[PDB]
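Structure file query-v4.pdb (PDB, N, CA and C atoms) follows.
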```pdb
ATOM      1  N   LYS A 918     109.541 140.387 -20.654
ATOM      2  CA  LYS A 918     108.554 140.883 -21.606
ATOM      3  C   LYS A 918     108.262 142.357 -21.363
ATOM      4  N   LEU A 919     108.056 142.728 -20.100
ATOM      5  CA  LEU A 919     107.727 144.111 -19.784
ATOM      6  C   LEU A 919     108.935 145.021 -19.962
ATOM      7  N   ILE A 920     110.139 144.509 -19.695
ATOM      8  CA  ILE A 920     111.346 145.290 -19.948
ATOM      9  C   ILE A 920     111.482 145.586 -21.435
ATOM     10  N   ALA A 921     111.249 144.575 -22.274
ATOM     11  CA  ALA A 921     111.297 144.783 -23.716
ATOM     12  C   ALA A 921     110.222 145.762 -24.163
ATOM     13  N   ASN A 922     109.028 145.669 -23.573
ATOM     14  CA  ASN A 922     107.964 146.607 -23.913
ATOM     15  C   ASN A 922     108.362 148.037 -23.572
ATOM     16  N   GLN A 923     108.938 148.240 -22.385
ATOM     17  CA  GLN A 923     109.396 149.570 -21.995
ATOM     18  C   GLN A 923     110.477 150.075 -22.938
ATOM     19  N   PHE A 924     111.423 149.206 -23.295
ATOM     20  CA  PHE A 924     112.499 149.611 -24.191
ATOM     21  C   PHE A 924     111.957 150.012 -25.557
ATOM     22  N   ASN A 925     111.030 149.221 -26.101
ATOM     23  CA  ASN A 925     110.444 149.548 -27.396
ATOM     24  C   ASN A 925     109.656 150.848 -27.331
ATOM     25  N   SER A 926     108.916 151.064 -26.241
ATOM     26  CA  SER A 926     108.183 152.316 -26.088
ATOM     27  C   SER A 926     109.131 153.506 -26.053
ATOM     28  N   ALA A 927     110.234 153.384 -25.311
ATOM     29  CA  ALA A 927     111.210 154.467 -25.254
ATOM     30  C   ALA A 927     111.835 154.718 -26.620
ATOM     31  N   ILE A 928     112.160 153.649 -27.348
ATOM     32  CA  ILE A 928     112.747 153.802 -28.675
ATOM     33  C   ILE A 928     111.773 154.505 -29.611
ATOM     34  N   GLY A 929     110.500 154.110 -29.576
ATOM     35  CA  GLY A 929     109.508 154.775 -30.404
ATOM     36  C   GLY A 929     109.341 156.239 -30.047
ATOM     37  N   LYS A 930     109.328 156.548 -28.749
ATOM     38  CA  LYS A 930     109.224 157.939 -28.324
ATOM     39  C   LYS A 930     110.440 158.748 -28.756
ATOM     40  N   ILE A 931     111.603 158.105 -28.855
ATOM     41  CA  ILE A 931     112.777 158.802 -29.368
ATOM     42  C   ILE A 931     112.506 159.340 -30.766
ATOM     43  N   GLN A 932     111.866 158.532 -31.616
ATOM     44  CA  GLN A 932     111.618 158.956 -32.989
ATOM     45  C   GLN A 932     110.738 160.196 -33.048
ATOM     46  N   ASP A 933     109.649 160.228 -32.275
ATOM     47  CA  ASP A 933     108.769 161.389 -32.354
ATOM     48  C   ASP A 933     109.425 162.601 -31.707
ATOM     49  N   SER A 934     110.247 162.375 -30.676
ATOM     50  CA  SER A 934     110.993 163.478 -30.081
ATOM     51  C   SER A 934     111.924 164.127 -31.097
ATOM     52  N   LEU A 935     112.646 163.316 -31.875
ATOM     53  CA  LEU A 935     113.529 163.892 -32.888
ATOM     54  C   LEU A 935     112.740 164.524 -34.029
ATOM     55  N   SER A 936     111.741 163.815 -34.559
ATOM     56  CA  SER A 936     110.984 164.318 -35.698
ATOM     57  C   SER A 936     110.121 165.523 -35.352
ATOM     58  N   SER A 937     109.916 165.812 -34.070
ATOM     59  CA  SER A 937     109.143 166.983 -33.696
ATOM     60  C   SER A 937     109.908 168.259 -34.044
ATOM     61  N   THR A 938     109.161 169.358 -34.147
ATOM     62  CA  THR A 938     109.675 170.655 -34.579
ATOM     63  C   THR A 938     110.836 171.192 -33.740
ATOM     64  N   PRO A 939     110.753 171.222 -32.390
ATOM     65  CA  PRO A 939     111.829 171.878 -31.634
ATOM     66  C   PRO A 939     113.104 171.055 -31.623
ATOM     67  N   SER A 940     113.867 171.151 -32.709
ATOM     68  CA  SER A 940     115.122 170.424 -32.832
ATOM     69  C   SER A 940     116.108 170.894 -31.772
ATOM     70  N   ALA A 941     116.720 169.939 -31.079
ATOM     71  CA  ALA A 941     117.756 170.228 -30.100
ATOM     72  C   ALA A 941     119.154 170.146 -30.692
ATOM     73  N   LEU A 942     119.269 169.920 -31.997
ATOM     74  CA  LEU A 942     120.569 169.802 -32.654
ATOM     75  C   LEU A 942     121.126 171.172 -33.023
ATOM     76  N   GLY A 943     121.167 172.071 -32.038
ATOM     77  CA  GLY A 943     121.762 173.374 -32.262
ATOM     78  C   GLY A 943     123.271 173.355 -32.213
ATOM     79  N   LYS A 944     123.851 172.354 -31.547
ATOM     80  CA  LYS A 944     125.303 172.284 -31.423
ATOM     81  C   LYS A 944     125.970 172.159 -32.786
ATOM     82  N   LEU A 945     125.518 171.204 -33.601
ATOM     83  CA  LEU A 945     126.100 171.024 -34.926
ATOM     84  C   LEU A 945     125.838 172.226 -35.822
ATOM     85  N   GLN A 946     124.629 172.789 -35.760
ATOM     86  CA  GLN A 946     124.314 173.962 -36.566
ATOM     87  C   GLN A 946     125.177 175.156 -36.181
ATOM     88  N   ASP A 947     125.571 175.244 -34.909
ATOM     89  CA  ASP A 947     126.375 176.369 -34.444
ATOM     90  C   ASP A 947     127.715 176.418 -35.167
ATOM     91  N   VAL A 948     128.363 175.264 -35.328
ATOM     92  CA  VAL A 948     129.661 175.222 -35.996
ATOM     93  C   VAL A 948     129.531 175.700 -37.437
ATOM     94  N   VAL A 949     128.516 175.200 -38.144
ATOM     95  CA  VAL A 949     128.323 175.582 -39.538
ATOM     96  C   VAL A 949     128.029 177.071 -39.644
ATOM     97  N   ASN A 950     127.195 177.592 -38.742
ATOM     98  CA  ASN A 950     126.889 179.017 -38.757
ATOM     99  C   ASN A 950     128.137 179.851 -38.509
ATOM    100  N   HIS A 951     128.982 179.427 -37.567
ATOM    101  CA  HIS A 951     130.210 180.165 -37.289
ATOM    102  C   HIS A 951     131.136 180.169 -38.497
ATOM    103  N   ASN A 952     131.317 179.006 -39.129
ATOM    104  CA  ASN A 952     132.174 178.946 -40.309
ATOM    105  C   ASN A 952     131.627 179.822 -41.426
ATOM    106  N   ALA A 953     130.319 179.741 -41.674
ATOM    107  CA  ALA A 953     129.714 180.549 -42.724
ATOM    108  C   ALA A 953     129.879 182.033 -42.437
ATOM    109  N   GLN A 954     129.602 182.453 -41.200
ATOM    110  CA  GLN A 954     129.701 183.862 -40.838
ATOM    111  C   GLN A 954     131.129 184.370 -40.969
ATOM    112  N   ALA A 955     132.106 183.567 -40.542
ATOM    113  CA  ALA A 955     133.500 183.951 -40.729
ATOM    114  C   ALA A 955     133.821 184.112 -42.207
ATOM    115  N   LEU A 956     133.328 183.194 -43.040
ATOM    116  CA  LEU A 956     133.564 183.308 -44.474
ATOM    117  C   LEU A 956     132.955 184.587 -45.037
ATOM    118  N   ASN A 957     131.707 184.889 -44.666
ATOM    119  CA  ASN A 957     131.059 186.081 -45.205
ATOM    120  C   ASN A 957     131.769 187.348 -44.756
ATOM    121  N   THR A 958     132.159 187.428 -43.482
ATOM    122  CA  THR A 958     132.834 188.640 -43.031
ATOM    123  C   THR A 958     134.210 188.778 -43.671
ATOM    124  N   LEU A 959     134.906 187.660 -43.901
ATOM    125  CA  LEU A 959     136.169 187.721 -44.625
ATOM    126  C   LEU A 959     135.959 188.239 -46.040
ATOM    127  N   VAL A 960     134.884 187.798 -46.696
ATOM    128  CA  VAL A 960     134.577 188.300 -48.032
ATOM    129  C   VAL A 960     134.271 189.793 -47.991
ATOM    130  N   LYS A 961     133.415 190.216 -47.057
ATOM    131  CA  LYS A 961     133.002 191.614 -46.986
ATOM    132  C   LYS A 961     134.148 192.545 -46.621
ATOM    133  N   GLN A 962     135.163 192.050 -45.911
ATOM    134  CA  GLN A 962     136.298 192.899 -45.573
ATOM    135  C   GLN A 962     137.057 193.387 -46.801
ATOM    136  N   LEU A 963     136.864 192.752 -47.959
ATOM    137  CA  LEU A 963     137.551 193.182 -49.172
ATOM    138  C   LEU A 963     137.121 194.577 -49.607
ATOM    139  N   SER A 964     135.831 194.892 -49.491
ATOM    140  CA  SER A 964     135.305 196.166 -49.963
ATOM    141  C   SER A 964     135.773 197.356 -49.137
ATOM    142  N   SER A 965     136.394 197.124 -47.984
ATOM    143  CA  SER A 965     136.817 198.219 -47.123
ATOM    144  C   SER A 965     137.869 199.082 -47.811
TER     145      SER A 965
ATOM    146  N   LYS B 532     132.343 186.422 -77.123
ATOM    147  CA  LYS B 532     131.476 185.771 -76.155
ATOM    148  C   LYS B 532     131.985 184.366 -75.857
ATOM    149  N   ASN B 533     131.742 183.915 -74.624
ATOM    150  CA  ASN B 533     132.093 182.564 -74.184
ATOM    151  C   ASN B 533     133.598 182.322 -74.284
ATOM    152  N   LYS B 534     134.370 183.245 -73.717
ATOM    153  CA  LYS B 534     135.820 183.133 -73.722
ATOM    154  C   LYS B 534     136.382 183.989 -72.598
ATOM    155  N   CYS B 535     137.437 183.494 -71.951
ATOM    156  CA  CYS B 535     138.113 184.274 -70.924
ATOM    157  C   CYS B 535     138.906 185.384 -71.597
ATOM    158  N   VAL B 536     138.257 186.523 -71.826
ATOM    159  CA  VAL B 536     138.813 187.604 -72.624
ATOM    160  C   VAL B 536     138.940 188.848 -71.753
ATOM    161  N   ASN B 537     139.827 189.747 -72.171
ATOM    162  CA  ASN B 537     140.011 191.032 -71.508
ATOM    163  C   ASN B 537     138.997 192.017 -72.075
ATOM    164  N   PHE B 538     137.967 192.321 -71.295
ATOM    165  CA  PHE B 538     136.932 193.256 -71.705
ATOM    166  C   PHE B 538     137.221 194.636 -71.130
ATOM    167  N   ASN B 539     136.822 195.663 -71.874
ATOM    168  CA  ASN B 539     137.022 197.057 -71.489
ATOM    169  C   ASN B 539     135.745 197.853 -71.718
ATOM    170  N   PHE B 540     134.631 197.348 -71.187
ATOM    171  CA  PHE B 540     133.334 197.984 -71.387
ATOM    172  C   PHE B 540     133.299 199.368 -70.754
ATOM    173  N   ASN B 541     133.355 200.408 -71.589
ATOM    174  CA  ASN B 541     133.282 201.799 -71.141
ATOM    175  C   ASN B 541     134.301 202.102 -70.044
ATOM    176  N   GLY B 542     135.481 201.493 -70.130
ATOM    177  CA  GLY B 542     136.527 201.689 -69.150
ATOM    178  C   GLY B 542     136.602 200.629 -68.071
ATOM    179  N   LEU B 543     135.556 199.819 -67.901
ATOM    180  CA  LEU B 543     135.554 198.755 -66.896
ATOM    181  C   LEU B 543     136.399 197.585 -67.403
ATOM    182  N   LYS B 544     137.713 197.777 -67.332
ATOM    183  CA  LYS B 544     138.649 196.765 -67.797
ATOM    184  C   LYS B 544     138.662 195.570 -66.851
ATOM    185  N   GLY B 545     138.698 194.371 -67.421
ATOM    186  CA  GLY B 545     138.740 193.158 -66.622
ATOM    187  C   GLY B 545     138.800 191.941 -67.515
ATOM    188  N   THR B 546     138.973 190.787 -66.877
ATOM    189  CA  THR B 546     139.090 189.512 -67.568
ATOM    190  C   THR B 546     138.035 188.538 -67.063
ATOM    191  N   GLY B 547     137.410 187.826 -67.992
ATOM    192  CA  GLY B 547     136.405 186.844 -67.632
ATOM    193  C   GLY B 547     135.759 186.278 -68.876
ATOM    194  N   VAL B 548     134.827 185.358 -68.650
ATOM    195  CA  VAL B 548     134.086 184.699 -69.720
ATOM    196  C   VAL B 548     132.750 185.413 -69.855
ATOM    197  N   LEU B 549     132.516 186.010 -71.019
ATOM    198  CA  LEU B 549     131.284 186.746 -71.260
ATOM    199  C   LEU B 549     130.226 185.822 -71.845
ATOM    200  N   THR B 550     129.040 185.834 -71.243
ATOM    201  CA  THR B 550     127.934 184.995 -71.674
ATOM    202  C   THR B 550     126.648 185.805 -71.617
ATOM    203  N   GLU B 551     125.623 185.301 -72.299
ATOM    204  CA  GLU B 551     124.324 185.956 -72.279
ATOM    205  C   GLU B 551     123.765 185.981 -70.861
ATOM    206  N   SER B 552     123.077 187.070 -70.533
ATOM    207  CA  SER B 552     122.490 187.250 -69.216
ATOM    208  C   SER B 552     120.977 187.330 -69.336
ATOM    209  N   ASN B 553     120.292 186.723 -68.368
ATOM    210  CA  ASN B 553     118.841 186.783 -68.272
ATOM    211  C   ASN B 553     118.385 187.772 -67.207
ATOM    212  N   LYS B 554     119.267 188.678 -66.794
ATOM    213  CA  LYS B 554     118.938 189.616 -65.731
ATOM    214  C   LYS B 554     117.876 190.601 -66.196
ATOM    215  N   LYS B 555     116.844 190.774 -65.372
ATOM    216  CA  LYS B 555     115.748 191.689 -65.686
ATOM    217  C   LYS B 555     116.193 193.125 -65.411
ATOM    218  N   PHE B 556     117.150 193.574 -66.220
ATOM    219  CA  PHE B 556     117.636 194.941 -66.110
ATOM    220  C   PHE B 556     116.521 195.924 -66.435
ATOM    221  N   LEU B 557     116.306 196.881 -65.545
ATOM    222  CA  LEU B 557     115.405 197.974 -65.849
ATOM    223  C   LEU B 557     116.094 198.942 -66.805
ATOM    224  N   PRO B 558     115.319 199.711 -67.579
ATOM    225  CA  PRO B 558     115.941 200.554 -68.616
ATOM    226  C   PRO B 558     117.007 201.498 -68.087
ATOM    227  N   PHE B 559     116.819 202.061 -66.892
ATOM    228  CA  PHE B 559     117.845 202.940 -66.346
ATOM    229  C   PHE B 559     119.065 202.165 -65.863
ATOM    230  N   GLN B 560     118.864 200.987 -65.273
ATOM    231  CA  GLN B 560     119.972 200.224 -64.711
ATOM    232  C   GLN B 560     121.031 199.937 -65.767
ATOM    233  N   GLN B 561     122.292 200.126 -65.389
ATOM    234  CA  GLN B 561     123.412 199.954 -66.304
ATOM    235  C   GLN B 561     124.333 198.817 -65.896
ATOM    236  N   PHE B 562     124.777 198.790 -64.644
ATOM    237  CA  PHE B 562     125.760 197.824 -64.175
ATOM    238  C   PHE B 562     125.073 196.771 -63.317
ATOM    239  N   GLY B 563     125.533 195.528 -63.429
ATOM    240  CA  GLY B 563     125.076 194.487 -62.536
ATOM    241  C   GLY B 563     126.017 194.300 -61.363
ATOM    242  N   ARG B 564     125.566 193.514 -60.391
ATOM    243  CA  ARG B 564     126.397 193.177 -59.243
ATOM    244  C   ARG B 564     125.890 191.874 -58.638
ATOM    245  N   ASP B 565     126.490 191.499 -57.513
ATOM    246  CA  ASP B 565     126.205 190.246 -56.834
ATOM    247  C   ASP B 565     126.160 190.528 -55.338
ATOM    248  N   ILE B 566     126.217 189.461 -54.542
ATOM    249  CA  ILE B 566     126.306 189.624 -53.094
ATOM    250  C   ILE B 566     127.628 190.280 -52.714
ATOM    251  N   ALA B 567     128.729 189.800 -53.290
ATOM    252  CA  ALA B 567     130.080 190.202 -52.893
ATOM    253  C   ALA B 567     130.600 191.309 -53.808
ATOM    254  N   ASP B 568     129.831 192.394 -53.919
ATOM    255  CA  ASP B 568     130.268 193.649 -54.542
ATOM    256  C   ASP B 568     131.062 193.421 -55.828
ATOM    257  N   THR B 569     130.565 192.516 -56.666
ATOM    258  CA  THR B 569     131.249 192.149 -57.899
ATOM    259  C   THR B 569     130.295 192.310 -59.070
ATOM    260  N   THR B 570     130.729 193.053 -60.084
ATOM    261  CA  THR B 570     129.907 193.318 -61.261
ATOM    262  C   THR B 570     129.854 192.058 -62.114
ATOM    263  N   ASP B 571     128.813 191.255 -61.917
ATOM    264  CA  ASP B 571     128.610 190.038 -62.691
ATOM    265  C   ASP B 571     127.917 190.296 -64.021
ATOM    266  N   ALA B 572     127.393 191.500 -64.232
ATOM    267  CA  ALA B 572     126.686 191.825 -65.459
ATOM    268  C   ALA B 572     127.071 193.230 -65.894
ATOM    269  N   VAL B 573     126.894 193.496 -67.188
ATOM    270  CA  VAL B 573     127.256 194.785 -67.762
ATOM    271  C   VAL B 573     126.326 195.057 -68.933
ATOM    272  N   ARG B 574     126.099 196.338 -69.210
ATOM    273  CA  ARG B 574     125.296 196.778 -70.342
ATOM    274  C   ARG B 574     126.223 197.336 -71.412
ATOM    275  N   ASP B 575     125.915 197.042 -72.666
ATOM    276  CA  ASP B 575     126.776 197.458 -73.765
ATOM    277  C   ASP B 575     126.754 198.976 -73.919
ATOM    278  N   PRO B 576     127.912 199.639 -73.933
ATOM    279  CA  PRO B 576     127.978 201.033 -74.386
ATOM    280  C   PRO B 576     127.756 201.206 -75.881
ATOM    281  N   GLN B 577     127.392 200.129 -76.561
ATOM    282  CA  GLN B 577     126.956 200.078 -77.946
ATOM    283  C   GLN B 577     125.570 199.440 -77.954
ATOM    284  N   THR B 578     125.134 198.992 -79.132
ATOM    285  CA  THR B 578     123.830 198.359 -79.308
ATOM    286  C   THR B 578     123.478 197.477 -78.119
ATOM    287  N   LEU B 579     122.289 197.704 -77.562
ATOM    288  CA  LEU B 579     121.957 197.206 -76.233
ATOM    289  C   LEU B 579     122.041 195.686 -76.178
TER     290      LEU B 579
END
```

Could you express the structure from this file as structure tokens?
Amino acid sequence: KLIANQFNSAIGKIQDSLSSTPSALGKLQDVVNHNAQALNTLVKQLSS
Amino acid sequence: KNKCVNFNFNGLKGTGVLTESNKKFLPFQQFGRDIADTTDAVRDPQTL
């Protein structure tokens, strides 16, 4: 019973940890930012 | 209008589909542009 209670408490705390403002999902955002930045610089190189 | 046509507005020769623009052109402003250094809008060298 107490093991299940601890597990449920940890699972619930996971939700507030994720939903809180300081997102730790910078890894996935980094890839998208790199791809976008490469695309923009490739576009801007045309005007040279 | 509304056709992929060869336009030659005051020498600015090019091909594209011409459509009405809602751009808030100021009276002095003549040529439009975009992020990627592309003239997306033009002012008539005839009746405005």

Given the file shown, determine the residues that the ChimeraX specification (/A@CA @<10) & /B@CA selects; report them as a PDB file with N, CA and C atoms, keeping the file's coordinate frame.
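Final output, selection-v2.pdb:
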```
ATOM      1  N   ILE B 566     126.217 189.461 -54.542  1.00  0.00           N
ATOM      2  CA  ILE B 566     126.306 189.624 -53.094  1.00  0.00           C
ATOM      3  C   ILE B 566     127.628 190.280 -52.714  1.00  0.00           C
ATOM      4  N   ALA B 567     128.729 189.800 -53.290  1.00  0.00           N
ATOM      5  CA  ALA B 567     130.080 190.202 -52.893  1.00  0.00           C
ATOM      6  C   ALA B 567     130.600 191.309 -53.808  1.00  0.00           C
ATOM      7  N   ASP B 568     129.831 192.394 -53.919  1.00  0.00           N
ATOM      8  CA  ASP B 568     130.268 193.649 -54.542  1.00  0.00           C
ATOM      9  C   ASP B 568     131.062 193.421 -55.828  1.00  0.00           C
ATOM     10  N   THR B 569     130.565 192.516 -56.666  1.00  0.00           N
ATOM     11  CA  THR B 569     131.249 192.149 -57.899  1.00  0.00           C
ATOM     12  C   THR B 569     130.295 192.310 -59.070  1.00  0.00           C
TER      13      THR B 569
END
```

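Across the chains present, the PyMOL selection byres (((chain B and resi 549-555 and name CA) around 12) and name CA) applied to this file returns residues 532, 533, 534, 535, 536, 537, 538, 539, 540, 545, 546, 547, 548, 556, 557, 558, 559, 560, 561, 562, 563, 564, 565, 571, 572, 573, 574 and 575 of chain B.
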
*Would you return as a count of residues only the members of chain B that DSSP assigns to strand (DSSP E) on this structure's backbone?*
12

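Interatomic distance, atom CA of residue 923 of chain A against atom CA of residue 937 of chain A: 21.0 Å.
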
Listed atoms of segment 937-950 of chain A, axis-aligned box, 3 Å per side: centre and edge lengths to one decimal in Å, as JSON?
```
{"center_x": 119.4, "center_y": 172.8, "center_z": -34.9, "size_x": 26.5, "size_y": 20.0, "size_z": 15.5}
```

Separating atom CA of residue 577 of chain B from atom C of residue 541 of chain B, to the nearest tenth of an Å, is a gap of 11.0 Å

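Taking atom N of residue 570 of chain B and atom N of residue 956 of chain A as the two end points, the separation is 19.9 Å.
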
Export segment 924-959 of chain A of the preceding structure, keeping N, CA and C atoms, as a PDB file, in the first residue's frame.
```
ATOM      1  N   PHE A 924       4.620   5.609  -5.249  1.00  0.00           N
ATOM      2  CA  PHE A 924       4.663   5.632  -6.706  1.00  0.00           C
ATOM      3  C   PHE A 924       3.676   6.645  -7.269  1.00  0.00           C
ATOM      4  N   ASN A 925       2.453   6.668  -6.735  1.00  0.00           N
ATOM      5  CA  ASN A 925       1.458   7.626  -7.204  1.00  0.00           C
ATOM      6  C   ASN A 925       1.886   9.056  -6.908  1.00  0.00           C
ATOM      7  N   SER A 926       2.469   9.291  -5.731  1.00  0.00           N
ATOM      8  CA  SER A 926       2.957  10.628  -5.408  1.00  0.00           C
ATOM      9  C   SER A 926       4.046  11.063  -6.379  1.00  0.00           C
ATOM     10  N   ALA A 927       4.981  10.162  -6.690  1.00  0.00           N
ATOM     11  CA  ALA A 927       6.037  10.491  -7.641  1.00  0.00           C
ATOM     12  C   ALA A 927       5.466  10.770  -9.025  1.00  0.00           C
ATOM     13  N   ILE A 928       4.493   9.966  -9.456  1.00  0.00           N
ATOM     14  CA  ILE A 928       3.879  10.176 -10.763  1.00  0.00           C
ATOM     15  C   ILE A 928       3.182  11.529 -10.815  1.00  0.00           C
ATOM     16  N   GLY A 929       2.444  11.876  -9.759  1.00  0.00           N
ATOM     17  CA  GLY A 929       1.796  13.176  -9.719  1.00  0.00           C
ATOM     18  C   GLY A 929       2.789  14.321  -9.736  1.00  0.00           C
ATOM     19  N   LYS A 930       3.884  14.185  -8.984  1.00  0.00           N
ATOM     20  CA  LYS A 930       4.913  15.219  -8.986  1.00  0.00           C
ATOM     21  C   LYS A 930       5.570  15.349 -10.353  1.00  0.00           C
ATOM     22  N   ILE A 931       5.641  14.254 -11.110  1.00  0.00           N
ATOM     23  CA  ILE A 931       6.161  14.342 -12.470  1.00  0.00           C
ATOM     24  C   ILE A 931       5.342  15.333 -13.287  1.00  0.00           C
ATOM     25  N   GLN A 932       4.014  15.283 -13.152  1.00  0.00           N
ATOM     26  CA  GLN A 932       3.160  16.162 -13.943  1.00  0.00           C
ATOM     27  C   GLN A 932       3.427  17.629 -13.643  1.00  0.00           C
ATOM     28  N   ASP A 933       3.534  17.997 -12.363  1.00  0.00           N
ATOM     29  CA  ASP A 933       3.743  19.408 -12.057  1.00  0.00           C
ATOM     30  C   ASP A 933       5.156  19.831 -12.433  1.00  0.00           C
ATOM     31  N   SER A 934       6.120  18.910 -12.329  1.00  0.00           N
ATOM     32  CA  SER A 934       7.474  19.215 -12.776  1.00  0.00           C
ATOM     33  C   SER A 934       7.503  19.544 -14.263  1.00  0.00           C
ATOM     34  N   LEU A 935       6.807  18.752 -15.082  1.00  0.00           N
ATOM     35  CA  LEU A 935       6.778  19.047 -16.514  1.00  0.00           C
ATOM     36  C   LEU A 935       5.975  20.307 -16.812  1.00  0.00           C
ATOM     37  N   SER A 936       4.777  20.430 -16.236  1.00  0.00           N
ATOM     38  CA  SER A 936       3.917  21.570 -16.524  1.00  0.00           C
ATOM     39  C   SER A 936       4.462  22.880 -15.973  1.00  0.00           C
ATOM     40  N   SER A 937       5.451  22.833 -15.085  1.00  0.00           N
ATOM     41  CA  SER A 937       6.036  24.060 -14.574  1.00  0.00           C
ATOM     42  C   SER A 937       6.819  24.775 -15.673  1.00  0.00           C
ATOM     43  N   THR A 938       7.034  26.074 -15.464  1.00  0.00           N
ATOM     44  CA  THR A 938       7.662  26.964 -16.437  1.00  0.00           C
ATOM     45  C   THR A 938       9.055  26.527 -16.894  1.00  0.00           C
ATOM     46  N   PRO A 939      10.002  26.190 -15.989  1.00  0.00           N
ATOM     47  CA  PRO A 939      11.366  25.918 -16.465  1.00  0.00           C
ATOM     48  C   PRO A 939      11.463  24.587 -17.190  1.00  0.00           C
ATOM     49  N   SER A 940      11.064  24.586 -18.459  1.00  0.00           N
ATOM     50  CA  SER A 940      11.111  23.384 -19.277  1.00  0.00           C
ATOM     51  C   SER A 940      12.550  22.919 -19.449  1.00  0.00           C
ATOM     52  N   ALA A 941      12.779  21.629 -19.223  1.00  0.00           N
ATOM     53  CA  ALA A 941      14.082  21.019 -19.438  1.00  0.00           C
ATOM     54  C   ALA A 941      14.210  20.394 -20.818  1.00  0.00           C
ATOM     55  N   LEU A 942      13.200  20.545 -21.669  1.00  0.00           N
ATOM     56  CA  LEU A 942      13.221  19.963 -23.010  1.00  0.00           C
ATOM     57  C   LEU A 942      13.952  20.868 -23.993  1.00  0.00           C
ATOM     58  N   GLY A 943      15.171  21.266 -23.626  1.00  0.00           N
ATOM     59  CA  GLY A 943      15.986  22.055 -24.529  1.00  0.00           C
ATOM     60  C   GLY A 943      16.656  21.229 -25.601  1.00  0.00           C
ATOM     61  N   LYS A 944      16.826  19.928 -25.357  1.00  0.00           N
ATOM     62  CA  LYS A 944      17.497  19.070 -26.328  1.00  0.00           C
ATOM     63  C   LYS A 944      16.737  19.027 -27.647  1.00  0.00           C
ATOM     64  N   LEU A 945      15.433  18.750 -27.592  1.00  0.00           N
ATOM     65  CA  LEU A 945      14.634  18.697 -28.810  1.00  0.00           C
ATOM     66  C   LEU A 945      14.546  20.059 -29.483  1.00  0.00           C
ATOM     67  N   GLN A 946      14.386  21.126 -28.697  1.00  0.00           N
ATOM     68  CA  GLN A 946      14.323  22.466 -29.267  1.00  0.00           C
ATOM     69  C   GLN A 946      15.627  22.844 -29.955  1.00  0.00           C
ATOM     70  N   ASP A 947      16.754  22.326 -29.464  1.00  0.00           N
ATOM     71  CA  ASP A 947      18.052  22.656 -30.040  1.00  0.00           C
ATOM     72  C   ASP A 947      18.134  22.205 -31.493  1.00  0.00           C
ATOM     73  N   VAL A 948      17.658  20.994 -31.783  1.00  0.00           N
ATOM     74  CA  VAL A 948      17.711  20.476 -33.148  1.00  0.00           C
ATOM     75  C   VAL A 948      16.890  21.356 -34.081  1.00  0.00           C
ATOM     76  N   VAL A 949      15.674  21.706 -33.658  1.00  0.00           N
ATOM     77  CA  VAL A 949      14.805  22.530 -34.491  1.00  0.00           C
ATOM     78  C   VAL A 949      15.426  23.900 -34.713  1.00  0.00           C
ATOM     79  N   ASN A 950      16.004  24.484 -33.661  1.00  0.00           N
ATOM     80  CA  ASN A 950      16.650  25.783 -33.802  1.00  0.00           C
ATOM     81  C   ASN A 950      17.822  25.713 -34.770  1.00  0.00           C
ATOM     82  N   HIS A 951      18.622  24.649 -34.690  1.00  0.00           N
ATOM     83  CA  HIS A 951      19.754  24.503 -35.600  1.00  0.00           C
ATOM     84  C   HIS A 951      19.288  24.380 -37.044  1.00  0.00           C
ATOM     85  N   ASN A 952      18.270  23.550 -37.285  1.00  0.00           N
ATOM     86  CA  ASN A 952      17.758  23.403 -38.644  1.00  0.00           C
ATOM     87  C   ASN A 952      17.210  24.723 -39.167  1.00  0.00           C
ATOM     88  N   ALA A 953      16.429  25.423 -38.342  1.00  0.00           N
ATOM     89  CA  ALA A 953      15.867  26.699 -38.762  1.00  0.00           C
ATOM     90  C   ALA A 953      16.963  27.706 -39.073  1.00  0.00           C
ATOM     91  N   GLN A 954      17.962  27.815 -38.193  1.00  0.00           N
ATOM     92  CA  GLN A 954      19.042  28.775 -38.388  1.00  0.00           C
ATOM     93  C   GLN A 954      19.839  28.464 -39.647  1.00  0.00           C
ATOM     94  N   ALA A 955      20.118  27.182 -39.895  1.00  0.00           N
ATOM     95  CA  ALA A 955      20.792  26.809 -41.131  1.00  0.00           C
ATOM     96  C   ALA A 955      19.961  27.211 -42.341  1.00  0.00           C
ATOM     97  N   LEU A 956      18.647  26.990 -42.276  1.00  0.00           N
ATOM     98  CA  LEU A 956      17.784  27.386 -43.382  1.00  0.00           C
ATOM     99  C   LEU A 956      17.829  28.893 -43.610  1.00  0.00           C
ATOM    100  N   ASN A 957      17.728  29.679 -42.534  1.00  0.00           N
ATOM    101  CA  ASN A 957      17.725  31.130 -42.696  1.00  0.00           C
ATOM    102  C   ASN A 957      19.050  31.628 -43.250  1.00  0.00           C
ATOM    103  N   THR A 958      20.173  31.105 -42.752  1.00  0.00           N
ATOM    104  CA  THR A 958      21.454  31.578 -43.265  1.00  0.00           C
ATOM    105  C   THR A 958      21.660  31.153 -44.714  1.00  0.00           C
ATOM    106  N   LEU A 959      21.175  29.966 -45.092  1.00  0.00           N
ATOM    107  CA  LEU A 959      21.229  29.565 -46.491  1.00  0.00           C
ATOM    108  C   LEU A 959      20.414  30.512 -47.360  1.00  0.00           C
TER     109      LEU A 959
END
```
